[PDB]
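> If you read the protein sequences in the order shown, they are chains A and B. Just so you know, we're using the deposited numbering here: the first sequence kicks off at 1 and counts up by one. Just so you know, we're using the deposited numbering here: the second sequence kicks off at 1 and counts up by one. Even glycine gets a Cβ: it sits at the ideal position worked out from N, Cα and C. Pasting a structure here, questions to come.
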Amino acid sequence: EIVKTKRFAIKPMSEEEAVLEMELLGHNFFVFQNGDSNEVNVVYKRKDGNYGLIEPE
Amino acid sequence: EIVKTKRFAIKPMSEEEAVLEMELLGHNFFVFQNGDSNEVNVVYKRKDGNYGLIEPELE
């Protein structure tokens, strides 16, 4: 089955904060409300050490 | 060092189709526009066998 859950990061934050939070929490991807664009984004760890940021833009 | 890309799945789809797409494409998580709620959701595979669906809010 598909287990439904609500986004953990409730409050809006910056892309910079999102990346740090993902790292401190030990995750590989992190869903958040971008406070600078008022849109939901997803940051993730790329297999090249870099970070990726997915936006609806 | 932060590479900005646009969501790959442009058109809205069901959560089931999203899980299928995630697997067919070989990813661990998949961002999509849920056609049921018209909102962006994220499906992912969890070490438990099941799949997870992240929503901004509960309907």
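1) Can you check whether the C-beta of residue 25(B) is within less than 8 Å of a C-beta belonging to chain A?
2) Taking only the alpha-carbon atoms, compute the straight-line gap between residue 29(B) and residue 38(A) and give it to the nearest angstrom.
3) Give the single residue among 8(A), 1(A), 4(A), 22(A) whose Cα lies nearest to the Cα of residue 52(A).
4) Cβ of residue 31(B) within 8 Å of Cβ of residue 42(A)?
5) Under a Cβ-count criterion, where at least 16 other Cβ atoms within 10 Å of its own Cβ denotes burial, should residue 54(B) be classed as buried or exposed?
6) With the cut-off set at 8 Å, would you say residue 2(A) and residue 15(B) are in Cβ contact?
7) Could you work out which residues of chain A lie near residue 21(B), taking near to mean beta carbons separated by less than 9 Å?
8) Any Cβ of chain B within less than 8 Å of the Cβ of residue 56(A)?
9) Note the first and the last residue of the continuous beta strand (DSSP E) segment covering residue 55(A).
10) Please name the residue, chosen from 24(B), 40(B), 26(B), that lies closest to residue 7(B) on a Cα-to-Cα basis.
According to the data block:
1) Here residue 25(B) refers to the residue found at position 25 of the second sequence. For residue 25(B), the answer is no, since every Cβ of chain A falls outside 8 Å of its Cβ.
2) Residue 29(B) sits at position 29 when you count from the first residue of the second sequence. Residue 38(A) sits at position 38 when you count from the first residue of the first sequence. About 22 Å.
3) As a position in the first sequence, residue 52(A) is number 52, starting the count at 1. Ranking 8(A), 1(A), 4(A), 22(A) by CA distance to the CA of residue 52(A) puts 22(A) first.
4) As a first step, residue 31(B) must be located in the second sequence, where it is residue number 31. As a first step, residue 42(A) must be located in the first sequence, where it is residue number 42. Closer than 8 Å, so yes.
5) Locating residue 54(B) in the second sequence gives position 54, counting from the first residue. Label assigned to residue 54(B): buried.
6) Counted from its first residue, the first sequence places residue 2(A) at position 2. Counted from its first residue, the second sequence places residue 15(B) at position 15. Cβ atoms of residue 2(A) and residue 15(B): closer than 8 Å.
7) The residue given as residue 21(B) occupies position 21 in the second sequence. Going along chain A, no residue has its Cβ under 9 Å from residue 21(B), so there is no contact; the nearest lies around 13 Å.
8) Position 56 of the first sequence, counted from the start, is the residue given in the question as residue 56(A). True, the Cβ-Cβ gap to chain B drops below 8 Å.
9) On the first sequence, residue 55(A) is found 55 positions in, with the first residue counted as 1. Note, residue 55(A): beta strand (DSSP E), 51-55.
10) As a working mapping, residue 7(B) is identified with position 7 in the second sequence. Cα-wise, what sits closest to residue 7(B) is 40(B).
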